[PDB]
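Only one chain is shown below, in structure tokens, and it's the form deposited in one PDB entry.
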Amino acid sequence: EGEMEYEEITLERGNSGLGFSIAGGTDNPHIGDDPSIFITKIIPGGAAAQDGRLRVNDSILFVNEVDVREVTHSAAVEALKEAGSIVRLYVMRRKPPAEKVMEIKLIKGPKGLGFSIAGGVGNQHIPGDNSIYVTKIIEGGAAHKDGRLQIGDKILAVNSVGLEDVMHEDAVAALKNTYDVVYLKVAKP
């Protein structure tokens, strides 16, 4: 965590470009006196989002064979626009904070587990991430009464069924196909 890491990410240009916005350069450094080109936004439903590797705050070092470590903002946009259909990026990032994985046992109340979900493949809740997220916890519901499950939590598994890269519909189906006592694997940020 916090340690610098490097990654090769190749993207195929969609109808709406590569699906990310950038800032920085020697023109207007984004962090102090650091002239690096930074990802500021991952566009929902775009190429970078579907590929799920690129992250906000990644520094682009190379675009194909073009060195963008110390260039202007304009020279960066040009390099990306001119890179063709298949774009080879070499990036650097500080490793993100690790998440707490936790198994939670819930007994249904009169109205179920007491929480709602969003996310899924082709229905991303955060751009670049196919995970199933908790979006609402119902007042006085089972989850609320437990006190562990929170907004923004990830559901990784329902009993023995994993929810890694599944459709939203499949996540709802897994939660429905349960008995009264449900075991959930959850990730907390």
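A residue's number is simply how far along the shown sequence it sits, counting from 1.
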Tell me which of 88-96 and 104-112 has the higher mean C-alpha B-factor in the deposited entry.
-> 104-112
Determine, for stretches 21-29 and 177-185, which one has the higher mean CA B-factor as deposited.
-> 21-29
Selection from 67, 58, 129, 139 [criterion: highest C-alpha temperature factor in the record] = 139
Rank-wise, by C-alpha B-factor, drop residue 76 into the lowest, middle or highest third of its chain.
-> middle
Taking the C-alpha B-factors as the PDB entry records them, is residue 53 in the lowest, middle or highest third of its chain?
-> lowest
Within this chain's modelled residues, let me know which third the CA B factor of residue 172 belongs to: lowest, middle or highest.
-> highest
Thinking about Cα B factors across the chain, which third does residue 151 belong to?
-> highest
Residue 134, C-alpha B-factor rank within chain (lowest, middle or highest third) | middle
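There is another form of this protein, the form solved in complex with a partner chain, and it is not shown here; the text below is about that form.
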For this chain shown on its own, do 18, 40 and 111 all sit within 4.5 Å of the partner chain in the bound PDB entry, going by heavy atoms?
-> yes
Indicate whether residue 181 is a 4.5 Å heavy atom neighbour of the partner chain in the bound PDB entry.
-> no
Going by a heavy atom distance of 4.5 Å, is residue 28 a contact of the partner chain in the bound PDB entry?
-> yes
Answer yes if any heavy atom of residue 104 is within 4.5 Å of a heavy atom of the partner chain in the bound PDB entry; otherwise answer no.
-> no
Check whether residue 73 has any heavy atom within 4.5 Å of a heavy atom of the partner chain in the bound PDB entry, and answer yes or no.
-> yes
